[PDB]
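Asker: My file is upload-v1.pdb. It has PDB, C-alpha atoms:
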MODEL        1
ATOM      1  CA  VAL A 118      24.334  -0.093  -6.056
ATOM      2  CA  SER A 119      26.745  -2.708  -7.416
ATOM      3  CA  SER A 120      25.459  -5.649  -5.354
ATOM      4  CA  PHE A 121      23.202  -6.721  -2.525
ATOM      5  CA  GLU A 122      22.348  -9.629  -0.271
ATOM      6  CA  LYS A 123      18.699 -10.578  -0.380
ATOM      7  CA  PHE A 124      17.638 -11.981   2.956
ATOM      8  CA  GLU A 125      14.396 -13.032   4.508
ATOM      9  CA  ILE A 126      13.593 -10.220   6.911
ATOM     10  CA  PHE A 127      10.352 -11.736   8.236
ATOM     11  CA  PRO A 128      10.310 -15.412   7.326
ATOM     12  CA  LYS A 129       6.874 -16.395   6.054
ATOM     13  CA  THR A 130       6.548 -19.686   7.870
ATOM     14  CA  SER A 131       7.765 -18.381  11.245
ATOM     15  CA  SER A 132       6.782 -14.738  11.611
ATOM     16  CA  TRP A 133       2.963 -14.799  11.558
ATOM     17  CA  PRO A 134       1.431 -17.427  13.880
ATOM     18  CA  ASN A 135      -1.887 -15.710  14.597
ATOM     19  CA  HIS A 136      -2.403 -14.364  11.081
ATOM     20  CA  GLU A 137      -3.088 -16.288   7.862
ATOM     21  CA  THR A 138      -0.159 -16.363   5.469
ATOM     22  CA  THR A 139      -1.230 -18.950   2.970
ATOM     23  CA  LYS A 140      -3.688 -18.102   0.191
ATOM     24  CA  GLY A 141      -3.972 -15.580  -1.293
ATOM     25  CA  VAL A 142      -2.700 -14.922  -3.951
ATOM     26  CA  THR A 143      -4.414 -13.402  -7.057
ATOM     27  CA  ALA A 144      -5.168 -14.014 -10.721
ATOM     28  CA  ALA A 145      -3.291 -10.786 -11.479
ATOM     29  CA  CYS A 146       0.001 -12.339 -10.357
ATOM     30  CA  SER A 147      -0.480 -15.625 -12.109
ATOM     31  CA  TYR A 148       2.414 -18.012 -12.358
ATOM     32  CA  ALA A 149       2.161 -20.918 -14.778
ATOM     33  CA  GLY A 150      -1.669 -20.845 -14.954
ATOM     34  CA  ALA A 151      -2.398 -20.632 -11.237
ATOM     35  CA  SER A 152      -2.936 -17.746  -8.852
ATOM     36  CA  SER A 153       0.116 -16.392  -7.128
ATOM     37  CA  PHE A 154       1.816 -13.381  -5.597
ATOM     38  CA  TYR A 155       5.116 -11.529  -5.361
ATOM     39  CA  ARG A 156       8.048 -13.533  -4.119
ATOM     40  CA  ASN A 157       9.396 -10.765  -1.942
ATOM     41  CA  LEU A 158       6.180  -9.625  -0.134
ATOM     42  CA  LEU A 159       3.447 -11.320   1.867
ATOM     43  CA  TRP A 160      -0.286 -10.663   1.584
ATOM     44  CA  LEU A 161      -1.433 -11.250   5.164
ATOM     45  CA  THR A 162      -5.118 -12.006   5.585
ATOM     46  CA  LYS A 163      -7.190 -12.784   8.729
ATOM     47  CA  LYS A 164      -6.899 -16.228  10.354
ATOM     48  CA  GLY A 165     -10.601 -17.232  10.490
ATOM     49  CA  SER A 166     -12.631 -14.205  11.810
ATOM     50  CA  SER A 167      -9.989 -12.282  13.845
ATOM     51  CA  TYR A 168      -7.083 -10.063  12.726
ATOM     52  CA  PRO A 169      -5.225  -8.825  15.779
ATOM     53  CA  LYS A 170      -2.822  -5.866  15.871
ATOM     54  CA  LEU A 171       0.497  -7.079  14.522
ATOM     55  CA  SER A 172       3.745  -5.450  15.502
ATOM     56  CA  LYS A 173       6.972  -6.574  13.857
ATOM     57  CA  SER A 174      10.290  -4.873  14.379
ATOM     58  CA  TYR A 175      13.569  -5.359  12.637
ATOM     59  CA  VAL A 176      16.995  -4.003  13.661
ATOM     60  CA  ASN A 177      19.561  -3.352  10.951
ATOM     61  CA  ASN A 178      22.648  -5.277  11.954
ATOM     62  CA  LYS A 179      23.920  -5.956   8.424
ATOM     63  CA  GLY A 180      26.421  -3.077   8.830
ATOM     64  CA  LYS A 181      24.993  -1.490   5.659
ATOM     65  CA  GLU A 182      21.793   0.009   4.262
ATOM     66  CA  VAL A 183      18.750  -2.251   4.174
ATOM     67  CA  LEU A 184      16.131  -1.655   1.520
ATOM     68  CA  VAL A 185      12.696  -2.633   2.892
ATOM     69  CA  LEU A 186       9.651  -2.798   0.596
ATOM     70  CA  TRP A 187       6.039  -3.308   1.552
ATOM     71  CA  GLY A 188       2.502  -2.707   0.342
ATOM     72  CA  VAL A 189      -0.836  -1.357   1.576
ATOM     73  CA  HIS A 190      -4.032  -2.711   0.049
ATOM     74  CA  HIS A 191      -7.077  -0.620  -0.831
ATOM     75  CA  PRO A 192      -9.997  -3.053  -1.492
ATOM     76  CA  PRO A 193     -13.025  -2.045  -3.644
ATOM     77  CA  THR A 194     -16.263  -1.568  -1.750
ATOM     78  CA  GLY A 195     -15.632  -4.241   0.826
ATOM     79  CA  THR A 196     -17.080  -6.178   2.535
ATOM     80  CA  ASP A 197     -13.929  -7.326   0.847
ATOM     81  CA  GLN A 198     -12.173  -5.232   3.511
ATOM     82  CA  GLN A 199     -14.219  -7.060   6.150
ATOM     83  CA  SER A 200     -13.736 -10.414   4.374
ATOM     84  CA  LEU A 201      -9.920 -10.008   4.250
ATOM     85  CA  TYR A 202      -9.016  -8.086   7.372
ATOM     86  CA  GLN A 203     -12.163  -8.021   9.601
ATOM     87  CA  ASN A 204     -11.365  -4.559  10.953
ATOM     88  CA  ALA A 205     -13.560  -2.003   9.137
ATOM     89  CA  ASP A 206     -11.440   0.697  10.842
ATOM     90  CA  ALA A 207      -7.918  -0.593  10.223
ATOM     91  CA  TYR A 208      -4.627   1.232   9.835
ATOM     92  CA  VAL A 209      -1.005   0.472   8.877
ATOM     93  CA  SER A 210       1.849   2.291  10.490
ATOM     94  CA  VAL A 211       5.489   2.114   9.488
ATOM     95  CA  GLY A 212       8.223   3.987  11.246
ATOM     96  CA  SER A 213      11.920   3.978  11.672
ATOM     97  CA  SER A 214      14.248   6.560  13.192
ATOM     98  CA  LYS A 215      13.955   8.716  10.063
ATOM     99  CA  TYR A 216      10.848   7.564   8.134
ATOM    100  CA  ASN A 217       7.325   7.482   9.553
ATOM    101  CA  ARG A 218       3.960   7.137   7.768
ATOM    102  CA  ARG A 219       0.419   6.084   8.650
ATOM    103  CA  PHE A 220      -1.791   4.406   6.035
ATOM    104  CA  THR A 221      -5.536   3.762   5.935
ATOM    105  CA  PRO A 222      -7.619   1.384   3.885
ATOM    106  CA  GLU A 223      -9.179   3.599   1.285
ATOM    107  CA  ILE A 224     -12.182   1.551   0.340
ATOM    108  CA  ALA A 225     -12.800   2.670  -3.233
ATOM    109  CA  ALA A 226     -13.798   0.898  -6.436
ATOM    110  CA  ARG A 227     -11.543   1.819  -9.322
ATOM    111  CA  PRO A 228     -11.656   1.026 -13.048
ATOM    112  CA  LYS A 229     -10.629  -2.650 -13.346
ATOM    113  CA  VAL A 230      -6.939  -2.861 -14.222
ATOM    114  CA  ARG A 231      -5.882  -6.501 -14.353
ATOM    115  CA  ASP A 232      -9.393  -7.731 -13.705
ATOM    116  CA  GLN A 233      -8.858  -5.963 -10.346
ATOM    117  CA  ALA A 234     -10.941  -3.109  -8.983
ATOM    118  CA  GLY A 235      -8.972  -2.655  -5.771
ATOM    119  CA  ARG A 236      -5.488  -1.098  -5.792
ATOM    120  CA  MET A 237      -2.294  -1.883  -3.926
ATOM    121  CA  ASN A 238       0.293   0.770  -3.085
ATOM    122  CA  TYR A 239       4.004   0.010  -2.860
ATOM    123  CA  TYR A 240       6.489   1.716  -0.575
ATOM    124  CA  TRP A 241      10.148   1.494   0.259
ATOM    125  CA  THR A 242      12.651   2.886   2.676
ATOM    126  CA  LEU A 243      16.366   2.610   3.255
ATOM    127  CA  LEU A 244      17.014   1.502   6.788
ATOM    128  CA  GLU A 245      20.353   2.878   8.040
ATOM    129  CA  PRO A 246      23.012   0.727   9.766
ATOM    130  CA  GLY A 247      21.839   0.628  13.355
ATOM    131  CA  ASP A 248      18.180   1.609  13.007
ATOM    132  CA  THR A 249      14.996  -0.227  13.839
ATOM    133  CA  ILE A 250      11.905  -0.397  11.600
ATOM    134  CA  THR A 251       8.515  -1.065  13.115
ATOM    135  CA  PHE A 252       5.423  -2.248  11.329
ATOM    136  CA  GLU A 253       2.148  -1.952  13.132
ATOM    137  CA  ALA A 254      -1.106  -2.868  11.485
ATOM    138  CA  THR A 255      -4.677  -4.063  11.917
ATOM    139  CA  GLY A 256      -5.261  -4.932   8.223
ATOM    140  CA  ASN A 257      -4.335  -4.022   4.626
ATOM    141  CA  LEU A 258      -0.600  -4.689   5.121
ATOM    142  CA  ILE A 259       1.251  -6.442   2.380
ATOM    143  CA  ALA A 260       4.097  -7.266   4.722
ATOM    144  CA  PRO A 261       7.710  -7.458   3.690
ATOM    145  CA  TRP A 262       9.076 -10.975   3.337
ATOM    146  CA  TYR A 263      12.510 -10.535   1.721
ATOM    147  CA  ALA A 264      14.614  -7.368   1.883
ATOM    148  CA  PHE A 265      18.020  -6.191   0.513
ATOM    149  CA  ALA A 266      21.379  -5.392   2.142
ATOM    150  CA  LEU A 267      22.921  -2.833  -0.270
ATOM    151  CA  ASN A 268      26.513  -2.321  -1.431
ATOM    152  CA  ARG A 269      27.272   1.037  -2.905
ATOM    153  CA  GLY A 270      29.944   1.222  -5.586
ATOM    154  CA  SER A 271      30.978   2.270  -9.076
ATOM    155  CA  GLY A 272      29.214  -0.831 -10.567
ATOM    156  CA  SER A 273      26.295   1.651 -10.736
ATOM    157  CA  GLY A 274      23.949   1.753 -12.801
ATOM    158  CA  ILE A 275      20.962   1.325 -15.218
ATOM    159  CA  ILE A 276      20.604   1.106 -19.010
ATOM    160  CA  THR A 277      17.820   0.469 -21.532
ATOM    161  CA  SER A 278      19.067  -1.671 -24.400
ATOM    162  CA  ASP A 279      18.179  -4.469 -26.766
ATOM    163  CA  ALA A 280      21.754  -5.454 -27.525
ATOM    164  CA  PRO A 281      22.487  -9.098 -26.545
ATOM    165  CA  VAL A 282      24.543 -10.045 -23.451
TER     166      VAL A 282
ATOM    167  CA  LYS B 173     -20.814   9.383 -12.386
ATOM    168  CA  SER B 174     -18.515   7.635 -14.802
ATOM    169  CA  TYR B 175     -17.151   8.759 -18.104
ATOM    170  CA  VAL B 176     -15.319   6.661 -20.724
ATOM    171  CA  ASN B 177     -12.816   8.383 -22.986
ATOM    172  CA  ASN B 178     -13.877   7.580 -26.517
ATOM    173  CA  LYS B 179     -12.582  10.792 -28.116
ATOM    174  CA  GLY B 180      -9.495   8.873 -29.339
ATOM    175  CA  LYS B 181      -7.289  11.447 -27.573
ATOM    176  CA  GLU B 182      -6.463  12.788 -24.114
ATOM    177  CA  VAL B 183      -9.330  14.294 -22.143
ATOM    178  CA  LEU B 184      -8.565  16.996 -19.618
ATOM    179  CA  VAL B 185     -11.073  16.779 -16.736
ATOM    180  CA  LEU B 186     -11.241  19.520 -14.084
ATOM    181  CA  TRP B 187     -13.233  19.543 -10.883
ATOM    182  CA  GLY B 188     -13.359  21.110  -7.438
ATOM    183  CA  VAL B 189     -13.795  20.140  -3.783
ATOM    184  CA  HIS B 190     -15.343  22.651  -1.400
ATOM    185  CA  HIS B 191     -14.178  23.272   2.162
ATOM    186  CA  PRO B 192     -16.915  25.339   3.927
ATOM    187  CA  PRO B 193     -16.140  27.513   7.008
ATOM    188  CA  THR B 194     -17.560  26.246  10.275
ATOM    189  CA  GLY B 195     -20.701  24.768   8.814
ATOM    190  CA  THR B 196     -23.524  24.211   9.514
ATOM    191  CA  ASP B 197     -22.787  25.556   6.086
ATOM    192  CA  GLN B 198     -21.545  22.019   5.366
ATOM    193  CA  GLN B 199     -24.852  20.694   6.703
ATOM    194  CA  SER B 200     -26.816  23.452   4.920
ATOM    195  CA  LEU B 201     -25.191  22.671   1.531
ATOM    196  CA  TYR B 202     -24.558  18.948   1.558
ATOM    197  CA  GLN B 203     -26.439  17.512   4.602
ATOM    198  CA  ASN B 204     -23.796  14.850   5.219
ATOM    199  CA  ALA B 205     -21.574  15.985   8.121
ATOM    200  CA  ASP B 206     -19.299  13.027   7.245
ATOM    201  CA  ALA B 207     -19.008  13.379   3.470
ATOM    202  CA  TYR B 208     -16.234  12.417   1.084
ATOM    203  CA  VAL B 209     -15.318  12.864  -2.601
ATOM    204  CA  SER B 210     -13.521  10.170  -4.491
ATOM    205  CA  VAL B 211     -12.084  10.437  -7.976
ATOM    206  CA  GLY B 212     -10.339   7.615  -9.727
ATOM    207  CA  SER B 213      -9.334   6.512 -13.137
ATOM    208  CA  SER B 214      -7.016   3.725 -14.259
ATOM    209  CA  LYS B 215      -3.978   5.830 -13.330
ATOM    210  CA  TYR B 216      -5.159   8.613 -10.971
ATOM    211  CA  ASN B 217      -6.951   8.040  -7.671
ATOM    212  CA  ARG B 218      -7.588  10.445  -4.766
ATOM    213  CA  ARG B 219      -9.989  10.722  -1.836
ATOM    214  CA  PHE B 220     -11.045  14.148  -0.538
ATOM    215  CA  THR B 221     -12.757  15.206   2.687
ATOM    216  CA  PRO B 222     -14.602  18.352   3.634
ATOM    217  CA  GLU B 223     -12.140  20.201   5.783
ATOM    218  CA  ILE B 224     -14.459  22.401   7.756
ATOM    219  CA  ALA B 225     -12.223  25.356   8.578
ATOM    220  CA  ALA B 226     -12.726  29.115   8.691
ATOM    221  CA  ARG B 227     -10.020  30.959   6.809
TER     222      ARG B 227
ENDMDL
END
Please re-express this file's structure in structure tokens.
Answerer:
Amino acid sequence: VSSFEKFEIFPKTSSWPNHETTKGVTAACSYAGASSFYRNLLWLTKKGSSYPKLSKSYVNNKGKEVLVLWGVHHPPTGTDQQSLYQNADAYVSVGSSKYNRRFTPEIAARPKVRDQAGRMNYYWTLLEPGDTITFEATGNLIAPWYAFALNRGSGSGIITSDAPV
Amino acid sequence: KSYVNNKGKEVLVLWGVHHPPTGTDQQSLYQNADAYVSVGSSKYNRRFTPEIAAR
């Protein structure tokens, strides 16, 4: 990939009216001494007490591949599940024309990594010129916020080096 | 059960998960019709179910 165009696939301030999009946010993604989160994904929590089925679709009209990234949260014994997403029996489903996977919360307490005892899984898929991608979820979705239109070329690729630029 | 690796080297841990045939046997061994087995470390993490099935 020799270039891309980042774009906001589901704008944060416009996409999620009946879900909570603001706070949080974790200590583990701290920016300048305050809790934060990834710039390119959105941790959607329940808007006081309810978390209805969301269904967002996006159609790839960029005329090139779109890289979409998202996450699925697995809270520790929750409680936390209930306190974030309400729905004890929640699911997250992502499908396109090609790809298709169904994720569950997997309530499980794990050795604290960055003071955190839940885990978050990260996924990606390349959406082909033309295709639709549908997200359906009743909790645990770390929704995409920004995504990438890819340009393939001979500007490929990746090195590890400590030489100065 | 938890174990902390203080050997100052890698520890290989092995375990099993049983899938009984139509049980009954499940009930007769483990009581809990709706049982689960969860193993996690800092790196690894998997959740197993009985998969009652006669083979």
Asker: For the file shown, report as an NGL selection string the outcome of the ChimeraX specification (/B :<9) & /A at residue level.
Answerer: :A and (223 or 225-230)
Asker: Would you write out, as an MDAnalysis selection string, every residue that the PyMOL selection byres ((chain B and resi 189) around 9) captures in this file?
Answerer: chainID B and resid 187:188 190:191 209 220:222
Asker: Taking only C-alpha atoms into account, name the residue in B:194, B:204, B:199, B:178 that is nearest to residue 225 of chain B.
Answerer: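 The shortest atom-to-atom distance to residue 225 of chain B comes from B:194.
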Asker: Residues picked by the PyMOL selection byres ((chain A and resi 272) around 7) here, as a ChimeraX atom specification?
Answerer: /A:118-119,270-271,273-274
Asker: Please compute the atom CA of residue 138 of chain A-atom CA of residue 196 of chain A distance, one decimal, in Å.
Answerer: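 Atom CA of residue 196 of chain A lies 20.0 Å from atom CA of residue 138 of chain A.
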Asker: I'd like the contact shell of residue 236 of chain A - 7 Å cut-off, only C-alpha atoms, skipping same-chain residues fewer than 4 positions apart - returned as JSON, numbers by chain.
Answerer: {"A": [190, 191, 192]}
Asker: State, in Å with one decimal place, the distance from atom CA of residue 174 of chain A to atom CA of residue 141 of chain A.
Answerer: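 If I compute the distance from atom CA of residue 174 of chain A to atom CA of residue 141 of chain A, I get 23.7 Å.
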Asker: Kindly provide, as JSON, the centre and edge lengths (Å, one decimal) of an axis-aligned box around all atoms of segment 248-259 of chain A given in the file, with 6 Å on each side.
Answerer:
{"center_x": 6.5, "center_y": -2.4, "center_z": 8.1, "size_x": 35.4, "size_y": 20.1, "size_z": 23.5}
Asker: Counting only C-alpha atoms, which residues in segment 220-280 of chain A sit no more than 12 Å from segment 155-161 of chain A? For each one, give the nearest pair of atoms and the distance in Å, sorted by chain then residue number, as JSON lines.
Answerer:
{"residue": "A:237", "atom": "CA", "partner": "A:160", "partner_atom": "CA", "distance": 10.6}
{"residue": "A:239", "atom": "CA", "partner": "A:158", "partner_atom": "CA", "distance": 10.2}
{"residue": "A:240", "atom": "CA", "partner": "A:158", "partner_atom": "CA", "distance": 11.4}
{"residue": "A:241", "atom": "CA", "partner": "A:158", "partner_atom": "CA", "distance": 11.8}
{"residue": "A:254", "atom": "CA", "partner": "A:161", "partner_atom": "CA", "distance": 10.5}
{"residue": "A:255", "atom": "CA", "partner": "A:161", "partner_atom": "CA", "distance": 10.4}
{"residue": "A:256", "atom": "CA", "partner": "A:161", "partner_atom": "CA", "distance": 8.0}
{"residue": "A:257", "atom": "CA", "partner": "A:161", "partner_atom": "CA", "distance": 7.8}
{"residue": "A:258", "atom": "CA", "partner": "A:161", "partner_atom": "CA", "distance": 6.6}
{"residue": "A:259", "atom": "CA", "partner": "A:160", "partner_atom": "CA", "distance": 4.6}
{"residue": "A:260", "atom": "CA", "partner": "A:159", "partner_atom": "CA", "distance": 5.0}
{"residue": "A:261", "atom": "CA", "partner": "A:158", "partner_atom": "CA", "distance": 4.7}
{"residue": "A:262", "atom": "CA", "partner": "A:158", "partner_atom": "CA", "distance": 4.7}
{"residue": "A:263", "atom": "CA", "partner": "A:157", "partner_atom": "CA", "distance": 4.8}
{"residue": "A:264", "atom": "CA", "partner": "A:157", "partner_atom": "CA", "distance": 7.3}
{"residue": "A:265", "atom": "CA", "partner": "A:157", "partner_atom": "CA", "distance": 10.1}
